[PDB]
Amino acid sequence: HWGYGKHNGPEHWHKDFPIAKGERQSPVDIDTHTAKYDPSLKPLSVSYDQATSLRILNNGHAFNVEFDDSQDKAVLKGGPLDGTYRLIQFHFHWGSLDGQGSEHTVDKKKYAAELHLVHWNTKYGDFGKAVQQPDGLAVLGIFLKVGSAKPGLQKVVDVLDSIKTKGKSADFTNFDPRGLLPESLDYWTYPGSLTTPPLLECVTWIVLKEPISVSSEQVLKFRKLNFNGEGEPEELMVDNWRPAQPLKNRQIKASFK
Ligand SMILES: NS(=O)(=O)c1ccc(NC(=O)NCCO)cc1
Ligand SMILES: NS(=O)(=O)c1ccc(NC(=O)NCCO)cc1
Ligand SMILES: [Zn+2]
């Protein structure tokens with residue numbers, strides 16, 4: 001099965017998922033001087049006031065905080081997007097060390113972690129249909145640097161002891177994802193893919209310029225999770241990030257000068 005180890009990590013994925021070598025793969029390096037400011041880009045509209053978180057799940061590759069996506073409760077609109085995209089889950093990718101962990105990079109800089117708020121285009125009815133479409137998903141990516149704690153992350157941090165191993169889930173209601181956002185919603189955008197198998201080329205990536213800061217203790221708690229199931233040999237869930245992929249025939253656009 002695919003993973004992030006020596007024998008099943010990102011360099012092996014193409015053997016089962018040949019789209020890994022496709023034309024619009026993610027993540028990418030964001031070369032900030034080559035990105036083009038597009039004044040026709042609209043501000044992002046993040047409407048999370050009615051969000052309903054339900055559960056948190058260790059899926060063996062990351063942990064997902066899942067939301068009720070059966071109504072337009074937490075939606076992303078505007079920016080480069082046409083129509084309305086519903087929040088289904090968020091998760092993170094992180095490193096074994098503060099010097100690495102993000103999937104996207106900025107002028108080759110790696111951040112300690114990267115948050116992905118995953119949304120699907122309501123015109124396609126559900127997530128499974130949306131991933132089959134070139135405009136099916138919008139993923140809002142937010143970098144994490146280590147410094148001051150992020151108070152809105154602590155509720156996530158504190159439940160991780162309950163989902164240490166693959167397949168464990170826990171109730172996780174009333175979590176407000178607005179507590180994970182930075183001040184500014186300035187962003188870069190480009191067409192790309194899921195960054196894990198099946199690597200489907202269905203994502204409008206929206207990557208925020210401003211990172212959030214989390215404490216060293218917060219990210220250390222991410223690194224105590226396990227990729228394995230309970231009663232299997234323990235392998236720490238760290239370095240669950242795919243490296244930057246070739247940009248190919250793509251231009252990254254910026255919402256800001
Ligand atoms: N990254 S990938 O192409 O999906 C892949 C799948 C299986 C493996 N190896 C495997 O299954 N070995 C048997 C031990 O469990 C390695 C990589
Ligand atoms: N890292 S990423 O490109 O944001 C990503 C998002 C969703 C998936 N797959 C998925 O099934 N998401 C919804 C889970 O219920 C895989 C990769
Ligand atoms: Zn992700």
Side-chain angles (χ1 to χ4, degrees), residues 1-22 24-28 52-70 74 76 85-95 101-105 111-121 124-144 156 163 166-167 169 172 177 180 189-208 222 225 227-229 232-233 235 237 239-245:
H1 187 63
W2 66 272
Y4 295 94
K6 303 185 190 301
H7 302 288
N8 64 352
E11 297 319 316
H12 295 281
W13 293 353
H14 70 94
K15 289 181 288 181
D16 283 86
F17 303 93
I19 196 171
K21 295 181 182 297
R24 55 173 287 181
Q25 289 288 298
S26 292
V28 298
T52 296
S53 67
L54 294 173
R55 189 183 66 182
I56 188 170
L57 173 65
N58 181 334
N59 60 27
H61 306 291
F63 62 87
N64 294 348
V65 174
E66 293 171 349
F67 290 76
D68 178 7
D69 63 350
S70 67
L76 182 64
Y85 291 66
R86 286 182 187 167
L87 179 64
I88 178 167
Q89 43 116 342
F90 67 82
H91 60 276
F92 305 80
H93 300 272
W94 61 92
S102 66
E103 298 201 303
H104 294 88
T105 55
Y111 286 84
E114 179 172 343
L115 168 60
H116 291 161
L117 290 146
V118 178
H119 307 78
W120 56 273
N121 190 334
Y124 298 127
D126 68 15
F127 180 83
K129 297 292 186 293
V131 299
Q132 286 169 320
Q133 309 307 324
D135 59 352
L137 297 188
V139 184
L140 179 61
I142 299 174
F143 297 114
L144 276 64
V156 174
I163 59 162
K166 183 180 178 66
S169 66
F172 193 74
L180 299 175
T189 186
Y190 76 98
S193 69
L194 302 179
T195 65
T196 63
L199 298 170
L200 295 170
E201 289 176 341
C202 59
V203 180
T204 300
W205 278 94
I206 298 168
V207 177
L208 296 185
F222 293 183
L225 290 169
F227 291 123
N228 47 306
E232 296 177 351
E235 185 61 10
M237 183 179 282
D239 288 328
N240 60 345
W241 51 275
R242 191 188 192 184
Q245 300 300 310

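Only heavy atoms go into these numbers, but all of them, side chains included; no hydrogens, no water, no symmetry mates. In this chain, residues are counted from 1 in sequence order. We count ligands from 1, going down the list as the structure has it; atoms in each ligand are counted the same way.
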Problem set entry | Under 3.5 Å donor-acceptor, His104 side chain and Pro27 backbone |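 Not at all, since once roles are kept as given, no pair shorter than 3.5 Å links the two residues.
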Looking only at heavy atoms, what is the nearest atom pair of [X] and [Y], with distance?
| X | Y | answer |
| --- | --- | --- |
| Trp13 | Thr195 | CZ3-O, 3.3 Å |
| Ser26 | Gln245 | O-CG, 3.9 Å |
| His93 | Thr196 | CE1-CG2, 4.4 Å |

Exercise. The Zn ion (ligand 3): which protein N, O or S atoms are under 2.8 Å away?
Worked result: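 Protein N, O or S atoms closer than 2.8 Å to the Zn ion (ligand 3): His91 NE2, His93 NE2, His116 ND1.
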Exercise. Side chains of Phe172 and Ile163: closer than 4.5 Å at any heavy-atom pair?
Worked result: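 Not touching, per the 4.5 Å side-chain cut-off.
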Exercise. Between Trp2 and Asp16, do the side chains contain an N or O donor and an N or O acceptor separated by less than 3.5 Å?
Worked result: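 The criterion, which ignores hydrogens and geometry beyond distance, is not satisfied for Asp16 and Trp2.
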List every atom of ligand 1 that sits less than 4.0 Å from any heavy atom of [X], numbering the atoms from 1 in the order shown and giving each element.
| X | result |
| --- | --- |
| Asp16 | 2 (S), 3 (O), 4 (O), 5 (C), 6 (C) |
| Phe17 | 4 (O) |
| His12 | 1 (N), 2 (S), 3 (O) |
| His7 | 16 (C), 17 (C) |

Throw together a table of side-chain donor-acceptor distances under 3.5 angstrom for residues 126-134, partners on residues two or more places apart or in other chains.
residue : atom : partner : partner atom : Å
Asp126  : OD1  : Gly128  : N            : 3.4
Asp126  : OD1  : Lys129  : N            : 2.9
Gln133  : NE2  : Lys129  : O            : 3.4

Problem set entry | Partner set under side-chain contact (heavy atoms from CB on, under 4.5 Å) for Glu201, not counting sequence neighbours |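 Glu201 satisfies side-chain contact (heavy atoms from CB on, under 4.5 Å) with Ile19, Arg24, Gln25, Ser193 only.
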For this session: Hey, could you give me the CD/OG1 distance between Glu114 and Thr105, rounded to the nearest 0.5 Å?
Result: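 Going from the CD atom of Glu114 to the OG1 atom of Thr105 covers 9.0 Å.
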Exercise. If you round to the nearest 0.5 Å, how far is CG of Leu140 from CG of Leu208?
Worked result: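 The distance works out to 4.5 Å.
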Exercise. Got a salt bridge between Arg55 and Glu66, using NZ or NE/NH1/NH2 to carboxylate O under 4.0 Å?
Worked result: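 Result for this pair is yes, salt bridge flagged.
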For this session: Please determine if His1 has a nitrogen or oxygen closer than 3.5 Å to a nitrogen or oxygen of ligand 1.
Result: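 Yes, at least one N or O pair falls under 3.5 Å.
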Problem set entry | Side chain, backbone, both or neither: the part of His14 lying under 4.0 Å from ligand 1 by heavy atom |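 Neither; no heavy atom under 4.0 Å.
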Exercise. Just one of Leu194, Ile88, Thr204 clears the side chain to side chain contact (heavy atoms under 4.5 Å, CB included) bar with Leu137, so which one?
Worked result: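 One option only clears the test, and that one is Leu194.
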Identify all pairs of nitrogen or oxygen atoms, one from ligand 2 and one from the protein, separated by less than 3.5 Å, and list them with distances.
residue  : atom   : partner : partner atom : Å
ligand 2 : 1 (N)  : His91   : NE2          : 3.3
ligand 2 : 1 (N)  : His93   : NE2          : 3.3
ligand 2 : 1 (N)  : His116  : ND1          : 3.4
ligand 2 : 1 (N)  : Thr195  : OG1          : 2.8
ligand 2 : 3 (O)  : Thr195  : N            : 2.9
ligand 2 : 4 (O)  : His116  : ND1          : 3.4
ligand 2 : 12 (N) : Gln89   : NE2          : 3.0

